[PDB]
Each structure stands twice: as C-alpha cells, then as structure tokens.
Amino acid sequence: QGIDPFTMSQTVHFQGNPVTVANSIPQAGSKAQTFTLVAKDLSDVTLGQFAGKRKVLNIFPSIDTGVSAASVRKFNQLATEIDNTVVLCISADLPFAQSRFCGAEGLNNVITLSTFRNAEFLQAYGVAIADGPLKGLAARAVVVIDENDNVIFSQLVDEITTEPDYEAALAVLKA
C-alpha cells in the first residue's frame, strides 16, 4: 500500500560527492524516540521535558560553519511566529561553542543541545554521518514532532551545503 522502499543506509551529498548517513530519519506518523542531550548549563535534557509542546529539531554538522549558522538565525526568528512550539538546535558542537554563537548573535528563542556525551541520538534519529571527512558529525536535517511525541514532518537535506526547507517544516504546525 503506502509503504516505504527498503533502505540499509541513507545518502546525502557534500559539494555533490556522496556521503553515507546511518539508518533512517524518523518518518511522519511514527513515534519519536527518547533522547538525552546536553543544555547550555551542562545539564541533561530529555524529550519528555517538552510534553504538551510541539518540537522543531534543527540538526546540523557545526554551528561554527556558515550554512548551519544561517539556519540557527532563521529558526530564532521563525520561533516568534509559531504557536506552542520549542525550537531545538542540535549538533556535535560542545555546549560552549553553541552558547558562544547564540550569545554573540543575540539569538535567545532557540534551545541549543549537544550530542557530545550522547552519540546514540545521531544513530536513533538517523542523522549520523558514517563516512568521509565529516564522519561523527550530524547530517543537516529537520524533525518536527507534535504535542503527543509523534513525528509530523521530517527532512534529510539532500545536499549538506543547502539550507533546510523552513516553510515546509513550519507548515505542519499551522492548524
């Protein structure tokens, strides 16, 4: 019927060259997997700590790189025009690097979370770059979860140097 074709791994591109991304990004209409990530104060943050709220996961390789830096600036602004939603900027950057960027840029709407102590999130959310120079970093992706911990939108950006589809991510939140 409306099933998905079998995948063993995902393939994105870095300046046109193929990159293997582990497993599969969560699909719309499926249960969001539990996660623990590290906040600005070095405390542990779970998915369950955002119950009753909608969640935008803006996953990227490094906040210290241009395209990822633009996505964080965009999502910070888009957070003002969305109802009952938390915007989480997720990467393998240490909490200190993430806070330094947000601090210097005055971006206070988004919530920065590090996978530095939680490499498993990259595996479970299907964003772990498996090969090439960017191995161990997160692929560029967007995962939108509803109030009920159900995935409502998912995007694994085909080319890593391209910004994510903001409008498509925000469209599922509008009722």
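In this text, residue numbers run from 1 along the sequence as written.
- Just going by the entry, 161 to 169 versus 16 to 24 on mean CA temperature factor gives the higher value to 161 to 169.
- Across the two stretches, 66 to 74 and 26 to 34, the PDB entry reports the greater mean Cα temperature factor for 26 to 34.
- Across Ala92, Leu88, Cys102, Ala79, the entry's maximum B-factor at the CA atom is seen for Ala79.
- Per the deposited record, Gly48 carries the highest C-alpha B-factor of all listed residues (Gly136, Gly132, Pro61, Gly48).
- Among the modelled residues of the chain, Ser43 sits in the middle third by CA temperature factor in this PDB entry.
- The PDB entry assigns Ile145 a C-alpha temperature factor belonging to the highest third of its chain's modelled residues.
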